[PDB]
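Read the single chain below, which is given as C-alpha cells and is the form deposited in one PDB entry.
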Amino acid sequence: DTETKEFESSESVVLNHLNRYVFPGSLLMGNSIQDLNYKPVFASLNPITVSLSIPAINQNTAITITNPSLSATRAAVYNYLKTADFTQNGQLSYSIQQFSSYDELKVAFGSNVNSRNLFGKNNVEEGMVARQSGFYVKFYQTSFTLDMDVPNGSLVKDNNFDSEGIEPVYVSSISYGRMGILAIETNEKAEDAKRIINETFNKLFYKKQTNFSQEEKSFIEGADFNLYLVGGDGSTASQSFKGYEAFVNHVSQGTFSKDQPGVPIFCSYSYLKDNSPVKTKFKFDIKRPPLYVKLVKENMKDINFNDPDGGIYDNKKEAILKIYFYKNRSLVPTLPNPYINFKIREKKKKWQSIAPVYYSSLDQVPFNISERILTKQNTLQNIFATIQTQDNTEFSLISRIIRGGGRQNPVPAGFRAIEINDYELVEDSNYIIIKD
C-alpha cells in the first residue's frame, strides 16, 4: 500500500561524485540526467558566452569559452576572479520542510536519485523517519553562477555524433558554492521542532551566533542528524552524527576564495534541438508505513461491596478501555491513519445460580459464552482512542462476581453470579497489534 507522488524539476543538485560532468555546454544523453547517471555525448562544440554573477556582491560580467570543457570553464572563471572582487561567504539561504520518508528527499535534490540509499537507509520502516518528527534543512551558499546565452543556432558544430537516437541536452546554467541537506529526527512535536530548527539556523547559519537557549541546546543534543554536504568537504554519502559541537561545525558557513571558489551545487539543462529549457516530471511511490495499536486498560477500579453479616460479597472490576497508536515498535506516538477500522473483541463469560454453588475454581464453572467485536473508526485527532462497550459510560465491566453462603454459613465462598469480559484487539490488514 503506497502513495504515489509527482513533482517537476528544472534544476538538479549536483552530487559530489558527478561535478566533472557539470560545466557550461556539457553535452549529455537526454535520458541520463533524471537518475544522475550522466553519460557524456562526444561532439564538437561551438564557442559559448556565459554570464558570471556574484550575487553576494551584486556584480556581473561575461566570459567566453571557445572550446567548452571543465578545464576551459575553470580557467575562464579563475582568470576573471583573480582580477575582480569576490566573496568569502556568498549568498546564504535555507529552507525547512517536514518529511516522513527518506524517499521524499528526492524532491529536495530535484531528481530521481535514490535519496534513501544516499542517506543510509534502504520492513518498510527502514526508509521511514524513526523519531516523532522529521525535518530536512536545505541550506546553501552561492558564490557565483554561470548562465549561458541562447546559442545562435546549434551548440554543436557537426551533427555526426552518437547520442543513440536520444535527443541530447546540455548544461545551460550552473550555481556554485556549498550546499547541505540536513535530516533532523526529533522526539519533539512538529510545531515545536520546526520553530526550534528555524531559530537555531537563523542564529548559526545566518547570523553566525551561538547564544542558544537551553531549549535549543536540548533539542540539538537529543536530535538525530544525517547530513549530505556538497562541497570540497563533501562526502559521496550522508553522515550520521549526534552532537552539539558536531552540529555547530557542520551547519557553519563555509568559505570561498579565488583558488577554491565553490563547487557546482545545482544546475539546469537545455535541449540541443531547440535550445529550450528542460523540465522533468517525476513520480515515486512511498510505501505507507505500518500502524501499531495497543489495547490498554486505564482508570482501573476494583470495588468490593461486602456484607460479611449476610454472607454476600459482591466484587465488581471496571476499567476504561483505550487503544494507543504508534508508528513503530518503539512506541513513538502517531495519529491514526484515516479509514482504518479498529476492531476489539469482547468475549463474555456469564453464569448465575439462585443457590450458592461451591466451585473450587472458576475454570470449573459451566459458563455461557458470547462474543462480539466493537468497531472504532474516524479517530484522526489523537494518538489514542477510548473504546466504549456500555451505554452511558466510558467504563467497561471487566469482572463482576457475587458469592457467599448467606446468613447461614456466611463464608466468602460459593458462587451466585459471574460475568467476565475479556478484551483484545482483532487482527486487521491495516494495523499490527502490540500486546504486552
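Whichever C-alpha set is largest while still superposing within 1.5 Å between the two forms counts as the rigid core. The first residue of the shown sequence is 1; numbering continues from there.
There is another form of the same protein, the form deposited in another entry; it is not shown, and what comes next is about it.
Considering 164, 149, 233, 221, one residue stands apart with a C-alpha shift of at least 2 Å between the shown form and the other one following superposition on the core, and it is 233. Core-superposed comparison between the shown form and the other one: the C-alpha position of residue 358 differs by no less than 2 Å.
Fitting the two forms on the rigid core leaves the C-alpha of residue 397 displaced by at least 2 angstroms between the shown form and the other one.
Core-aligned CA deviation for residue 371 between the shown form and the other one: 2 Å or greater. Between residue 381 and residue 190, the Cα spacing is smaller in the other form than in the shown form, differing by no less than 3 Å. Pairwise change in the other form: residue 282 and residue 165 C-alpha atoms lie farther apart than in the shown form, at least 3 Å.
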